[PDB]
Structures are given as C-alpha cells and as structure tokens.
2 protein chains.
Amino acid sequence: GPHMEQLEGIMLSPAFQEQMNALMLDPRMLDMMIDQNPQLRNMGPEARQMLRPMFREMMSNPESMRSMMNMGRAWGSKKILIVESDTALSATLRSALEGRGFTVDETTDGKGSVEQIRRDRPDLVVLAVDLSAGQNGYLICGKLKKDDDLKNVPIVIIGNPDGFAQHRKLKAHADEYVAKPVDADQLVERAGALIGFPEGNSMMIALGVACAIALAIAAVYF
Amino acid sequence: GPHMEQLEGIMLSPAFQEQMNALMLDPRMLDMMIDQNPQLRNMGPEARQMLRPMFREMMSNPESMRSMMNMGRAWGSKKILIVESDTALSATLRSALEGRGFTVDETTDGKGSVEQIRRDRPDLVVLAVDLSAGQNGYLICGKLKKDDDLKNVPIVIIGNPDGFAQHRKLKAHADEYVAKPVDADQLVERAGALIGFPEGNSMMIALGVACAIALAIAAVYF
C-alpha cells in the first residue's frame, strides 16, 4: 500500500533529530501547544520534565512512531475502481496508481459497474467514456450522480474531450475530466487531489491515533 | 511555509472519520500497536476503555491534531539556498520551491557563497555552473565537498549538462545534476528527494511530538 520509505527516511535523518532537538530545547513552544488542549493543559510539571528524556529515548528507538506509522499505512489505503474496456490502458493506469500507493480494482463491465460500486464502495472511480457492449461513461456517470447513496463518490471521466464541456454543465456531472490519451502521472495527481495521497492519509491516521492515546491516558490520570 | 491545506482537508473529511471509526471498532489492532511499545504496554484497561470516547471527542474538535500539525508546520521548514547569477531564473526557481513550501534564500555571489553556506547552514543548495565574476559552480562544489563541515550539505548543480559525467566521477561531486533549461517542477521533486517534502516533514514532527507527549505522561503515571 502506501509508500512510506522516504517518511521512514526522515524519521532517521540527522536533520529530523536536530530539528526536534531545537523544538524541545525551549519548552515555551511545547508548553503552549500542550496548553491549547483543555484535556492536556493540566499535565503536571513532572510529566513536562520527562518530555525531553522521553524524546531522547524515542530517538534511540522510535518504536512508538514506527508503530503508529505502520498502523496508519495499514488503514490509510484508499481504493480506486477503474471502469475501462481497454484492458491494456486499464492495466497501465492501475500500476501507476498502485505505484503511488493506491489499492486498485478493475472492470470491463459497464452494465454491472453501478451495482459493483454500490457493493464495494471504492473511494474513487476512473470511468472511461467509450466502453464495450454499447455502454457509455457519460451515461454511467449520470446514473451514479442521480443515486443518493452513490452521488458523493468522486468520478474521474477519461475519454475524448469533445463532450466534456457539455457534460460538465449537466446537474449530474463528473467530479473531474481527463482527456485521452491519458498520461498516467497526471491522472495520479488528480486522484490525489480528490481523495488523499496515501502517505499523507497514513500520517494523518498515525497522528490521530497518537493523539487519542495521549488524550485517553490524560483523561484517566490527571 | 509548508502547505497543509490538503492535510487539514483530510482530517475533516468524512472518509477519515469513517476510517478512524473502523480502526478503533475492534480494539485488538490498537491494543497490539500499544503493546508493541514497552513504555505504553502497561496502559491500564480504564485508559484503553477511554480510547474510543477520546477519539469521538477528538473528532468533535480535533484541537489536539491541529495544534500538533501547526507545531510541525512551524518547525518543518527546510531552507534552500540558490547560488545563481541569472536573477530571472533564480526568482522563478525560488517561487516554485516556495510554492511547494520550502524556505528559500538567494545569492548571485559565488565568491562568498561558501562562507555564506557555513554561516547559514541551508538544508540544500541549488548551484549553477555558469556564474559571474569568473566563478564556476563546479569549482564551488569542489570546495564544499572537500570541507568536512559542509561536505554533507546536499548540492544540486544546474547548468550545461556537458560536464556532468566527468564531474560526477570526481571524489568531490555534487549530489544531483539538473540540466539547463531547468523545468522548475522537476527541480522541486529532486529537492524533495534529497531532503523532505515540507508537508511530510511537518507531519513527522507532529507525530513525534504526539508520541513524546504520550510517552512522558505514561512514564509518570504507569
């Protein structure tokens, strides 16, 4: 899933260690951030005094940070469904999205796509205009945007741009439009704009769990 | 500095809240992550029982996460010095780097750039081959890579690629070479590969502070 190697690199880089050293050298900074949180502001002076020792221990072995980054990577996986009858293009787009950290499913079957989306509930749909067996990405897109359960699912249409402007003005329109021939990396960036990029989503979950842990300990012990 | 707007978007997104809901629904997963950390494994059942309540409180108002992300943004700035005599090019590259979140300084004075780097200790140097007053980026790069204090400062040379191959084989070589005319955006990503991207660095600091806080509280109370 998410590609955290560079982020793991940062955690071990000299610069990260020096920057955290600097940030915690004057405790006014951290005391202020701590005191912004009503639930943490009663943290006593003994605990604040252990902030620098605990960071030093943390950097000699940052299992705490690595533990939570791993949790986030595991739950920060977002899923993209590609509805595209051009198998070769669908496979190329899947590997690029997978190469960015996304989980990707694929289907040739325009007619079954709407109910498949309902069943599997992907985080984003890449939907080609020109599909097999007389199905059409514009038609499929109109069905999804008319459905109250599925209308908030982001759809990126890929296809001949001839019809984009007119389809965009419809009340049931796609969330984005990407012209064919599609350059996979551009598509990757558009998916990351609509939903998260996997590494940022993983760090957000890692931080959320770390905060929840600190708040739960505080709640019981202050 | 760092541009957190997408990251702040994620934290307020419905998907992030649902993913966090799912993650804490079965506490086996969270218990395992907690128990990986010797300093946290003795967290009592009362505190573990407050994990979902505190998370719910977190999502009603995520001041904890916001205050840590803001701390990280404030200390996640990394500084790039551009040594380039072409003022128009230096300005364009600076604004592209600043647009991605880096702090950027500029100079046309190659003669004094070595000592300026020593004084200011930037995290990365963009160094043009062709400079004014008979200075040369290859020569400057050789001075820096022979200096024990500054030889670990990453240098991205920009210029005529004619001399890249030969300079690369020298013992005092640059860390990266980018041909002129420079595509600013790819220069940006080369800087992000050598040092962090600012948003990832900021999230790393935010997670580090969160973990240090949780570990210090735990150290004092269990």
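In what follows, chains carry the letters A, B, and so on, assigned in the order in which the sequence lines appear, proteins first and then strands, with residues in each chain numbered from 1.
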A:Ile213 vs B:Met33, side-chain contact (heavy atoms from CB on, under 4.5 Å): CA-CA, chis, key distance, verdict: CA-CA 11 Å; A:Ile213 285 168; B:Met33 201 215 63; 3.6 Å; yes
Do the charged groups of B:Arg121 and A:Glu18 touch, with an N to O distance under 4.0 Å? no
Anything under 30° is parallel, anything over 60° is perpendicular, the rest tilted; go ahead and classify A:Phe164 against A:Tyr138. perpendicular
Quick check on the interface: out of A:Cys211, A:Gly192, A:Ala214, who has the most heavy-atom pairs with chain B under 4.5 Å? A:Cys211
Need one label for A:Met204: side chain, backbone, both or neither, based on atoms under 4.5 Å from any heavy atom in chain B. both
Does any backbone or side-chain atom of A:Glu199 lie under 4.5 Å from a heavy atom of chain B? Answer side chain, backbone, both or neither. neither
Taking side chain as everything from C-beta outward and backbone as N, CA, C, O, which of these in A:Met29 sits under 4.5 Å from a heavy atom of chain B? Side chain, backbone, both or neither. both
Of the backbone (N, CA, C, O) and the side chain (C-beta and beyond), which part of B:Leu40 lies under 4.5 Å from a heavy atom of chain A, both, or neither? side chain
Measuring heavy-atom distances to chain B, does A:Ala206 have an atom under 4.5 Å in its side chain, in its backbone, in both, or in neither? both
Using 30° and 60° as the class boundaries, would you call the ring planes of A:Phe55 and A:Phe16 parallel, tilted or perpendicular? perpendicular
Check whether A:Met43 gets within reach of chain B through its side chain, its backbone, both or neither, counting any heavy atom under 4.5 Å. side chain
Any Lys/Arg nitrogen of B:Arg66 or B:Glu8 sitting under 4.0 Å from an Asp/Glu carboxylate oxygen of the other? no
Taking the inter-plane angle between the rings of B:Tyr177 and B:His167 on a 0 to 90° scale, is it parallel (under 30°), tilted (30 to 60°) or perpendicular (over 60°)? perpendicular
Could you check which of B:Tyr221, B:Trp75, B:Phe222 has the highest count of heavy-atom pairs closer than 4.5 Å to chain A? B:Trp75
Could B:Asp35 and B:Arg28 be called an ion pair, given the rule that one side-chain N must be under 4.0 Å from one carboxylate O? no
Between A:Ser77 and chain B, which part of the residue has a heavy atom less than 4.5 Å away: side chain, backbone, both or neither? backbone
Which bit of B:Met65 is near chain A, if near means a heavy-atom gap under 4.5 Å: side chain, backbone, both or neither? both
Contact origin within A:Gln39 toward chain B - heavy atom pairs under 4.5 Å: side chain
Could you tell me which non-hydrogen atom of B:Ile10 sits nearest to which non-hydrogen atom of A:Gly196, and how far apart they are? CD1-CA, 4.0 Å
Looking at A:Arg94 and A:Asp105, is there a salt bridge between them, counting it only when a charged N and a carboxylate O are closer than 4.0 Å? no
Do you know which of A:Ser67, A:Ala47, A:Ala212, A:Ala210 has the most heavy-atom pairs with chain B at a distance under 4.5 angstrom? A:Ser67
Side chain from CB out, backbone as N, CA, C, O: work out which of these in B:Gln6 comes under 4.5 Å of a heavy atom of chain A, or both, or neither. side chain
Report which part of A:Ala74 has an atom under 4.5 Å of a heavy atom belonging to chain B: side chain, backbone, both, or neither. neither
Considering only NZ, NE, NH1 and NH2 on the basic side and carboxylate oxygens on the acidic side, decide whether B:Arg190 and B:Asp175 come within less than 4.0 Å. no
Need one label for A:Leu30: side chain, backbone, both or neither, based on atoms under 4.5 Å from any heavy atom in chain B. side chain
With a 4.5 angstrom heavy-atom cut-off, is it the side chain or the backbone of A:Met203 that approaches chain B, or both, or neither? both
